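Student: Take this structure, written in structure tokens, and hold onto it; I'll ask about it next.
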Amino acid sequence: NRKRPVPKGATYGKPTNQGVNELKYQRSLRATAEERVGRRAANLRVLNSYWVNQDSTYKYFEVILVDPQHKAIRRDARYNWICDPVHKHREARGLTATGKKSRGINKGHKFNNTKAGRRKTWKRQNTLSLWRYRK
Amino acid sequence: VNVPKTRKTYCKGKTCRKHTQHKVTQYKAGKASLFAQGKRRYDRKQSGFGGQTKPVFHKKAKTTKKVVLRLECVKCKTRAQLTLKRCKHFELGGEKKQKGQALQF
Amino acid sequence: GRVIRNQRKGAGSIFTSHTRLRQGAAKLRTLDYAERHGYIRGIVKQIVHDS
Amino acid sequence: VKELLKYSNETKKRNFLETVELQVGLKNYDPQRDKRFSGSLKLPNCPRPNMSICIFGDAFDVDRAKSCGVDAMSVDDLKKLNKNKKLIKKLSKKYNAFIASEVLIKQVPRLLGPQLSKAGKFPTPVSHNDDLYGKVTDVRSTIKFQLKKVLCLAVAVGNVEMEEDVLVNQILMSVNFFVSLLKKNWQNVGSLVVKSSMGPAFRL
Amino acid sequence: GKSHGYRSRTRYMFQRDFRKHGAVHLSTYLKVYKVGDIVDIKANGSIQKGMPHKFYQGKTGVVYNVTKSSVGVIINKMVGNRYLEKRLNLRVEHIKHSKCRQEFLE
RNA sequence: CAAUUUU
RNA sequence: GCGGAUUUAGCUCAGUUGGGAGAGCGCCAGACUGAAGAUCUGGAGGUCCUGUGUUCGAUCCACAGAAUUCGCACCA
RNA sequence: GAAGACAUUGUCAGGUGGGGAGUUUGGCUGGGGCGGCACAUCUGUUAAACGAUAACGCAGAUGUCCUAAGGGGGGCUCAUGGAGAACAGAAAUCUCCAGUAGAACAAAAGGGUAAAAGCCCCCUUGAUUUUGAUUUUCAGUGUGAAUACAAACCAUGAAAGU
RNA sequence: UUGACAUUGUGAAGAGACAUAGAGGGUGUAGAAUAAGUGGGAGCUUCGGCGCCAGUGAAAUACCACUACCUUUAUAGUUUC
Ligand SMILES: [Zn+2]
């Protein structure tokens, strides 16, 4: 799990969120194995990960990474699209399928409160919008 | 109080629709339930932290609780409901209230 | 209430030792081949007051 | 179906060495307890006998005593009173009149043990005087409740074949499958024993 | 608490009008009450059934309904700043004909 | 081995 | 509210397979010595938790109920 | 070198936990607490002869009881007191005689009832079923209580009727 | 703090229960017996045991497919501490 920091464990709130020891970190633990591998080599673009091994303490992973500067990738147009500067640190904005499902993005009759992000569908549905002719 | 048995009341049914002869029992309200509906809207809400959403009840005043008689029939094994007044000792068996001749001295 | 007096000893605040006199590791020989199959004898040079 | 092919009527007529016929006791394990709630009464239907030799030992005020020679043969009217302490014990299952709701303390009182007059702890008396009383080869051997286990349903003698024994054990087992309900323990379906007195059998 | 029941303050309102402690006298049950005539309410202590409340004492109205052994009267009553028609079912012992408006007839 | 008074 | 436990001589203790009323102290009698005082025997012991039912045979069992109980469980 | 599938680590489950965390800690009231409940109800009175009408005013009461103490029908008349009978007496039972209630009616106090609504005997379970209207508190909202009904079926009576 | 599960592998000792060929305990009076079991009631048996007959006890007797917890208990089988 995770343990919210809270010095000596007294969250100073109402009792509805009082405990500390079984709050469970709403993004995925495969996705936490990239920010602590992206910062080790910030000059490379994280492509994707995959599970490999699992003991009782260390969920092992690999992460496939690409040099965006090695000009066999800047040429050879099958993978030049990751050299684009929108994809810089492509993980922490939630873009790999490790993070796509943590954001919970598909379409259907299930995912109403998330199909473009759960902050746009929050924002478009409760902004009052007023026309200059009062409809 | 004493209540005798066999209590021939107006049955209703759809077979007789007049006075046919029953027999009397009281009941118990059974276990509450698991997997019901309103309980599923309790252990969905008392889950997690916080605890104790819906009010518990401490201040009690009633002595007895309005004992009730099932009138179960014979002709088709239907039954019915009845509610006499509240009673803190409900004697259901025989024990005929006779002409008490001597009064135990 | 407040934190208690016997709980402020646990962070090295002012409750640490006083160390610029205590002049050595009062520990004996790291076991070797000599102390397992013979001996190696030494002299003392002096005895000192501790701190 | 648990007795359909054999073990009741085909491999029982191979081991018999008594010339005389055989009267089939039963072994089966129905669990009921000291909780006197679910006693083993409602004795079953009676289509066919099991080799009567007993001669019934009572006296009659029956409307059929004008013609009490049809299938029974015992005709003494009620007015024997003082002839029952010790002389006759050839009487285990009997009949009775409806007059004996009145006088029956008189021939009981010291003969309490060996069942030589009826009492409150085994009352027979019957007012049904055509079926049970007009078929007197019907020995009404009881399935009466003792505190642990009375399973004594019989079938036939050692001369009765398979087609005659299609009805005999199958509907006369109505005791242990109409009393046995949610209260009942073991044998919603049975664990049977089929042999009378002589040879081997199969306890499934 | 404060005791305002149903028979409250009717100590003398329902007594049997002293030296007439007896049953009803049978000139009472023979006269009929068709709808459309004035009647007034004088209570009856010996009987208990069908008895009105103590306010309808001496008040008067017209009959709108006749039943097996009872009639019904309508009564105007002050409550605040309007009058109400009131419907009340009285058995026949309480109720006589008043001599106010057959002077108007004669 | 139980055991203490007695004008 | 669930599950288990207790209810006797008058006070205090207890055995009964289900084929017997189990010990002492208050009261009373007798004895032993020269009289006491201790000591001895016998007498005065029972809705036997209140029932009901069971089996050939209920002071003791089965089921039910009133006084006390210990843990447990709490959505009007 | 020790220790070795037990410890440790992770998840779930009971127990322990003012060490901490959050929150309440009735209302009336001759100041507040304290005492009482006058906070929900009922009888009489205060109440000034329709009704309504207050005080921590007065004297009391309730959180129950009843298969009969409900329903019906039939027979009888009570509290007392007088006159007399063996044990019999201030207090026993049996007659006769007066006797408007001075008695009894579950439970506070009023009202009511005499071929009874009281005291005895007989017959039962209307203490049933469907849903509406009406009265008193009332804003003429509701709970509780009661009243006249309609339709069914029952009980009782011989019957009117209840 | 205490259980379970996982990290967690490789081999043996035995213990108690589930589990099964099963062995075998019993208060007067009378039965025959001096008695816990369950029932039809008559024979099977080298025996004539009781003959089912009355003899009498708490239900019969001899007798059986086994009807007593079928305990007292050695054994193959499960899981097992
Ligand atoms: Zn019915």
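Labels used: A, B, ... for chains in the order of the structure tokens, numbers from 1 for residues in each chain, and numbers from 1 for ligands as shown.
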So which residues touch residue 5 in chain G within 12 Å, counting only C-alpha atoms (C1' of nucleotides), skipping near sequence neighbours fewer than 2 positions away, as a list in words?
Tutor: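 Using only C-alpha atoms (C1' of nucleotides), the neighbours found are residues 3, 7, 68, 69, 70 and 71 of chain G.
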Student: Could the residues in this selection be saved with N, CA and C atoms (P, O5', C5', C4', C3', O3' and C1' of nucleotides) as a PDB file, in the first residue's frame?
Tutor:
ATOM      1  P     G G   3     -29.217 -19.355  21.160  1.00  0.00           P
ATOM      2  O5'   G G   3     -27.743 -19.594  21.717  1.00  0.00           O
ATOM      3  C5'   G G   3     -26.735 -20.218  20.930  1.00  0.00           C
ATOM      4  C4'   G G   3     -25.462 -20.372  21.724  1.00  0.00           C
ATOM      5  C3'   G G   3     -25.615 -21.128  23.038  1.00  0.00           C
ATOM      6  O3'   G G   3     -25.429 -22.522  22.857  1.00  0.00           O
ATOM      7  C1'   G G   3     -24.479 -19.073  23.410  1.00  0.00           C
ATOM      8  P     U G   7     -28.244 -25.998  41.155  1.00  0.00           P
ATOM      9  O5'   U G   7     -29.252 -25.002  41.876  1.00  0.00           O
ATOM     10  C5'   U G   7     -28.892 -24.357  43.094  1.00  0.00           C
ATOM     11  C4'   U G   7     -29.891 -23.302  43.502  1.00  0.00           C
ATOM     12  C3'   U G   7     -31.242 -23.836  43.974  1.00  0.00           C
ATOM     13  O3'   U G   7     -31.708 -23.068  45.083  1.00  0.00           O
ATOM     14  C1'   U G   7     -31.557 -22.347  42.148  1.00  0.00           C
ATOM     15  P     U G  68     -32.432 -10.713  40.115  1.00  0.00           P
ATOM     16  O5'   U G  68     -31.359 -11.561  39.304  1.00  0.00           O
ATOM     17  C5'   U G  68     -30.031 -11.094  39.143  1.00  0.00           C
ATOM     18  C4'   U G  68     -29.035 -12.197  39.387  1.00  0.00           C
ATOM     19  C3'   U G  68     -27.942 -12.345  38.345  1.00  0.00           C
ATOM     20  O3'   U G  68     -26.890 -11.414  38.510  1.00  0.00           O
ATOM     21  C1'   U G  68     -28.834 -14.472  38.870  1.00  0.00           C
ATOM     22  P     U G  69     -26.295 -10.643  37.234  1.00  0.00           P
ATOM     23  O5'   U G  69     -25.334 -11.715  36.559  1.00  0.00           O
ATOM     24  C5'   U G  69     -24.337 -12.373  37.320  1.00  0.00           C
ATOM     25  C4'   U G  69     -23.852 -13.613  36.620  1.00  0.00           C
ATOM     26  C3'   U G  69     -23.165 -13.389  35.287  1.00  0.00           C
ATOM     27  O3'   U G  69     -21.819 -12.974  35.431  1.00  0.00           O
ATOM     28  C1'   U G  69     -24.680 -15.203  35.120  1.00  0.00           C
ATOM     29  P     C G  70     -21.386 -11.477  35.037  1.00  0.00           P
ATOM     30  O5'   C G  70     -20.233 -11.686  33.962  1.00  0.00           O
ATOM     31  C5'   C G  70     -19.104 -12.490  34.263  1.00  0.00           C
ATOM     32  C4'   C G  70     -19.047 -13.713  33.384  1.00  0.00           C
ATOM     33  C3'   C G  70     -18.663 -13.479  31.934  1.00  0.00           C
ATOM     34  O3'   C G  70     -17.270 -13.333  31.747  1.00  0.00           O
ATOM     35  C1'   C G  70     -20.544 -14.904  32.030  1.00  0.00           C
ATOM     36  P     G G  71     -16.690 -11.943  31.202  1.00  0.00           P
ATOM     37  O5'   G G  71     -17.535 -11.665  29.888  1.00  0.00           O
ATOM     38  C5'   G G  71     -16.886 -11.251  28.700  1.00  0.00           C
ATOM     39  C4'   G G  71     -16.719 -12.402  27.745  1.00  0.00           C
ATOM     40  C3'   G G  71     -17.163 -12.118  26.322  1.00  0.00           C
ATOM     41  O3'   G G  71     -16.158 -11.487  25.551  1.00  0.00           O
ATOM     42  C1'   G G  71     -18.206 -14.084  27.060  1.00  0.00           C
TER      43        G G  71
END
Student: List the neighbours of range 60-62 of chain B out to 12 Å using only C-alpha atoms (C1' of nucleotides); skip same-chain residues closer than 5 positions along the sequence, and give me the result as a PyMOL selection string.
Tutor: (chain B and resi 86-88) or (chain H and resi 63)
Student: Store the residues picked out above, limited to N, CA and C atoms (P, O5', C5', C4', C3', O3' and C1' of nucleotides), as a PDB file, in the first residue's frame.
Tutor:
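Done, and the output landed in out_25.pdb:
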ATOM      1  N   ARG B  86     -51.116  -4.313  23.956  1.00  0.00           N
ATOM      2  CA  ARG B  86     -49.805  -4.666  24.471  1.00  0.00           C
ATOM      3  C   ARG B  86     -49.935  -5.377  25.808  1.00  0.00           C
ATOM      4  N   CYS B  87     -48.955  -6.223  26.105  1.00  0.00           N
ATOM      5  CA  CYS B  87     -49.114  -7.243  27.134  1.00  0.00           C
ATOM      6  C   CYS B  87     -47.733  -7.671  27.600  1.00  0.00           C
ATOM      7  N   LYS B  88     -47.461  -7.523  28.894  1.00  0.00           N
ATOM      8  CA  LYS B  88     -46.155  -7.853  29.445  1.00  0.00           C
ATOM      9  C   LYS B  88     -46.089  -9.262  30.019  1.00  0.00           C
TER      10      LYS B  88
ATOM     11  P     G H  63     -48.808   2.988  35.276  1.00  0.00           P
ATOM     12  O5'   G H  63     -48.218   2.626  33.850  1.00  0.00           O
ATOM     13  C5'   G H  63     -49.104   2.128  32.857  1.00  0.00           C
ATOM     14  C4'   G H  63     -48.641   2.423  31.461  1.00  0.00           C
ATOM     15  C3'   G H  63     -47.306   1.794  31.086  1.00  0.00           C
ATOM     16  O3'   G H  63     -47.370   1.336  29.741  1.00  0.00           O
ATOM     17  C1'   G H  63     -47.221   4.118  30.726  1.00  0.00           C
TER      18        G H  63
END
Student: Residues of chain B within 10 Å of chain G, using only C-alpha atoms (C1' of nucleotides), as a list in words?
Tutor: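 Residues passing the distance filter: residues 38, 39, 41, 42, 43, 46, 52, 53, 54, 55, 56 and 57 of chain B.
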Student: Could you save those same residues with C-alpha atoms as a PDB file, in the first residue's frame?
Tutor:
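Listing of result.pdb after writing:
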ATOM      1  CA  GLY B  38     -31.454  -2.385   2.578  1.00  0.00           C
ATOM      2  CA  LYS B  39     -28.596  -4.164   4.293  1.00  0.00           C
ATOM      3  CA  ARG B  41     -27.144  -0.186   1.406  1.00  0.00           C
ATOM      4  CA  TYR B  42     -25.625  -0.389   4.872  1.00  0.00           C
ATOM      5  CA  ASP B  43     -22.395  -2.341   4.359  1.00  0.00           C
ATOM      6  CA  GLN B  46     -20.213   1.663   6.687  1.00  0.00           C
ATOM      7  CA  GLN B  52     -21.168   4.402  12.194  1.00  0.00           C
ATOM      8  CA  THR B  53     -23.155   6.387   9.659  1.00  0.00           C
ATOM      9  CA  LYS B  54     -26.827   5.608  10.495  1.00  0.00           C
ATOM     10  CA  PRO B  55     -28.085   6.309  14.044  1.00  0.00           C
ATOM     11  CA  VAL B  56     -27.969   3.662  16.777  1.00  0.00           C
ATOM     12  CA  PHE B  57     -30.755   3.739  19.396  1.00  0.00           C
TER      13      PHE B  57
END
Student: Could you give me, as an MDAnalysis selection string, every polymer residue with an atom at most 12 Å away from an atom of ligand 1, counting only C-alpha atoms (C1' of nucleotides) and all ligand atoms?
Tutor: chainID B and resid 8:23 71:80
Student: Skipping near chain neighbours, those fewer than 4 positions away, what residues fall within 12 Å of residue 4 in chain I using only C-alpha atoms (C1' of nucleotides), listed as a list in words?
Tutor: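 Surrounding residues, per the criterion: residues 11, 12, 13 and 14 of chain H.
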Student: Compile the contact shell of range 82-84 of chain H as a PyMOL selection string: residues with an atom at most 10 Å away, counting only C-alpha atoms (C1' of nucleotides), same-chain residues fewer than 6 positions apart removed.
Tutor: chain H and resi 95-98
Student: Restricted to N, CA, C and O atoms (P, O5', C5', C4', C3', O3' and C1' of nucleotides), what would the selected residues look like written as a PDB file, in the first residue's frame?
Tutor:
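And here is the file that came out, part.pdb:
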ATOM      1  P     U H  95     -82.393 -18.435  54.200  1.00  0.00           P
ATOM      2  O5'   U H  95     -83.894 -18.616  54.678  1.00  0.00           O
ATOM      3  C5'   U H  95     -84.791 -17.524  54.631  1.00  0.00           C
ATOM      4  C4'   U H  95     -85.679 -17.510  55.841  1.00  0.00           C
ATOM      5  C3'   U H  95     -86.454 -16.228  56.061  1.00  0.00           C
ATOM      6  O3'   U H  95     -87.600 -16.131  55.244  1.00  0.00           O
ATOM      7  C1'   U H  95     -85.474 -16.894  58.088  1.00  0.00           C
ATOM      8  P     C H  96     -87.733 -14.907  54.220  1.00  0.00           P
ATOM      9  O5'   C H  96     -89.065 -14.174  54.681  1.00  0.00           O
ATOM     10  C5'   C H  96     -89.824 -14.672  55.769  1.00  0.00           C
ATOM     11  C4'   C H  96     -89.974 -13.636  56.851  1.00  0.00           C
ATOM     12  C3'   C H  96     -90.004 -12.193  56.387  1.00  0.00           C
ATOM     13  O3'   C H  96     -91.288 -11.813  55.933  1.00  0.00           O
ATOM     14  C1'   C H  96     -88.648 -12.425  58.338  1.00  0.00           C
ATOM     15  P     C H  97     -91.461 -10.709  54.783  1.00  0.00           P
ATOM     16  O5'   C H  97     -90.983  -9.361  55.471  1.00  0.00           O
ATOM     17  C5'   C H  97     -91.780  -8.758  56.471  1.00  0.00           C
ATOM     18  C4'   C H  97     -91.074  -7.598  57.115  1.00  0.00           C
ATOM     19  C3'   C H  97     -90.427  -6.594  56.186  1.00  0.00           C
ATOM     20  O3'   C H  97     -91.344  -5.755  55.509  1.00  0.00           O
ATOM     21  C1'   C H  97     -89.008  -7.001  58.024  1.00  0.00           C
ATOM     22  P     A H  98     -90.947  -5.137  54.079  1.00  0.00           P
ATOM     23  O5'   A H  98     -90.224  -3.767  54.438  1.00  0.00           O
ATOM     24  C5'   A H  98     -90.923  -2.756  55.142  1.00  0.00           C
ATOM     25  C4'   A H  98     -89.983  -1.748  55.746  1.00  0.00           C
ATOM     26  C3'   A H  98     -89.106  -0.986  54.771  1.00  0.00           C
ATOM     27  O3'   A H  98     -89.781   0.088  54.145  1.00  0.00           O
ATOM     28  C1'   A H  98     -87.787  -1.762  56.556  1.00  0.00           C
TER      29        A H  98
END
Student: Considering only C-alpha atoms (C1' of nucleotides), return as JSON, numbers by chain whatever protein or nucleic-acid residues lie within 9 Å of range 42-46 of chain I, sequence-local ones (same chain, fewer than 6 positions apart) excluded.
Tutor: {"D": [17, 18, 20, 198], "I": [52, 62, 63]}
Student: Emit the selected residues as a PDB file, in the first residue's frame, including N, CA and C atoms (P, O5', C5', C4', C3', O3' and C1' of nucleotides).
Tutor:
ATOM      1  N   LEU D  17     -33.306 -73.226   3.090  1.00  0.00           N
ATOM      2  CA  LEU D  17     -33.257 -74.594   3.578  1.00  0.00           C
ATOM      3  C   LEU D  17     -34.317 -74.891   4.631  1.00  0.00           C
ATOM      4  N   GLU D  18     -35.015 -73.880   5.153  1.00  0.00           N
ATOM      5  CA  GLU D  18     -36.253 -74.123   5.878  1.00  0.00           C
ATOM      6  C   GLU D  18     -37.355 -74.508   4.904  1.00  0.00           C
ATOM      7  N   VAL D  20     -40.399 -74.457   6.075  1.00  0.00           N
ATOM      8  CA  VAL D  20     -41.361 -73.453   6.507  1.00  0.00           C
ATOM      9  C   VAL D  20     -40.999 -72.106   5.887  1.00  0.00           C
ATOM     10  N   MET D 198     -32.276 -66.624   7.452  1.00  0.00           N
ATOM     11  CA  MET D 198     -31.438 -67.787   7.165  1.00  0.00           C
ATOM     12  C   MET D 198     -30.094 -67.438   6.544  1.00  0.00           C
TER      13      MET D 198
ATOM     14  P     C I  52     -40.607 -72.650  22.337  1.00  0.00           P
ATOM     15  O5'   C I  52     -40.464 -71.559  21.192  1.00  0.00           O
ATOM     16  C5'   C I  52     -40.791 -70.202  21.430  1.00  0.00           C
ATOM     17  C4'   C I  52     -41.765 -69.702  20.399  1.00  0.00           C
ATOM     18  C3'   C I  52     -43.228 -69.892  20.745  1.00  0.00           C
ATOM     19  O3'   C I  52     -43.701 -68.854  21.579  1.00  0.00           O
ATOM     20  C1'   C I  52     -42.831 -70.626  18.526  1.00  0.00           C
ATOM     21  P     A I  62     -32.668 -67.693  22.950  1.00  0.00           P
ATOM     22  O5'   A I  62     -31.834 -68.959  22.479  1.00  0.00           O
ATOM     23  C5'   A I  62     -32.191 -70.256  22.919  1.00  0.00           C
ATOM     24  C4'   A I  62     -32.837 -71.051  21.814  1.00  0.00           C
ATOM     25  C3'   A I  62     -32.106 -71.092  20.482  1.00  0.00           C
ATOM     26  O3'   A I  62     -30.992 -71.976  20.480  1.00  0.00           O
ATOM     27  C1'   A I  62     -34.431 -70.792  20.126  1.00  0.00           C
ATOM     28  P     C I  63     -29.743 -71.744  19.486  1.00  0.00           P
ATOM     29  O5'   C I  63     -30.199 -70.556  18.535  1.00  0.00           O
ATOM     30  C5'   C I  63     -30.412 -70.780  17.152  1.00  0.00           C
ATOM     31  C4'   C I  63     -31.528 -69.915  16.638  1.00  0.00           C
ATOM     32  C3'   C I  63     -31.194 -69.053  15.437  1.00  0.00           C
ATOM     33  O3'   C I  63     -31.328 -69.768  14.225  1.00  0.00           O
ATOM     34  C1'   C I  63     -32.333 -67.767  17.077  1.00  0.00           C
TER      35        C I  63
END
Student: Wanna dump the range 13-60 of chain G-chain F contacts at 12 Å for me, each residue with its shortest atom pair and the distance in Å to one decimal, counting only C-alpha atoms (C1' of nucleotides), ordered by chain and number, as a Markdown table?
Tutor:
| residue | atom | partner | partner_atom | distance |
| --- | --- | --- | --- | --- |
| G:34 | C1' | F:6 | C1' | 10.4 |
| G:35 | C1' | F:6 | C1' | 8.5 |
| G:36 | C1' | F:5 | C1' | 7.9 |
| G:37 | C1' | F:5 | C1' | 7.5 |
| G:38 | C1' | F:4 | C1' | 8.3 |
| G:39 | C1' | F:2 | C1' | 9.1 |
